[PDB]
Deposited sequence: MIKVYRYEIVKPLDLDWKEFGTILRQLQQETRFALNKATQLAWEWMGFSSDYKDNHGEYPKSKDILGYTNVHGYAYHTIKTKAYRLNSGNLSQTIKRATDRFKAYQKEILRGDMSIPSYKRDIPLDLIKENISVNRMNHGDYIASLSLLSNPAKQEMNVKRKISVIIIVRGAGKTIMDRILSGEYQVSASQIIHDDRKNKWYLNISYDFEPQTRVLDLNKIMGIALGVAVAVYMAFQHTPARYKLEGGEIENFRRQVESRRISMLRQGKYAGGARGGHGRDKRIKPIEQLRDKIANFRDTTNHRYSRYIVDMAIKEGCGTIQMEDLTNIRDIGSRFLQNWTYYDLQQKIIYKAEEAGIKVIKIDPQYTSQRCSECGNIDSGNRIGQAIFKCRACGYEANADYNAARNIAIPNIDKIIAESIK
């Protein structure tokens, strides 16, 4: 597996902040140039190869026309003249990302289902894993030394070695960095990113790690239902334990940003929109934090009951997902967090068809549309089953092949 942790850059060691910021903005401009020109050169090679097969009879060899096995090798040779300030391994990784995205999606681009990808202004800075080195000092500082410049750029900017910055390593980042420095974790290709709200630069480190091996019974399954009266309900077949998440904080935040959006010149488009994007980024960050909390609770309640399989709904064909509690949520974000945290815990996630799953009684299996009589309570007809509707739904999810059993 591989995860990402960010660290705040305090200051460069031998530079000033003004020179360091100028260098970072210039390398951002060069990264954006390299991405967009590698996309243009890959598109031009696609068109040339189509015209070559039309005029000759076969596809042209890239090694004969361009001089290179890959179009990445030609794009490096072209882009390297105007992107001379980037470190050449970082430039090679950037062009590799651009040409790999164009190569993986070439049939979708030729069919017209996907656009040709354009790249934006505030772009992250790539760093291959040989260009990162972190060291802890005796007085408690952490120095990250980064190869960011080429050999001409180091001479034109009067830099002699790698650029060393001080990073803050606190909290869980202390644990990650201590496992990096002892060899237990392995650094992958990483980023320099920027945060406009706090005006902060970050080293975004991608690390390879081997997760903890547990013993979990694959035959025990936990079912998760997106309730209409509580937010998430979790149930089991082999045990009458039931867990739930209700949104008290969700209901509070949902009208504390609705009571604030009741009231809501001549200097461009970026004014007249600056105070509303604060509220929008606040809402996005709240949803991200809430989905992380919910995902950790759902995977923790499956570690607790020894389950080796998680089953939840499939939301691609519902279209009335606004009738649930959460009500407009980022459900895809929550489910992806469920998936990676369960894969890290050792649990299989199986999405199932939510065919009816709320009219079926979960004790015998009779499906009647008049079963739920007020959106919180559940009454059966064939066995007189008395239950909560979300718990009955979550217990119907936890059956191993319930989507074939219903239909």
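- Judged by missing C-alpha atoms, the gaps in the deposited chain sequence fall at residues 265 to 275, 419 to 422, listed in sequence order.
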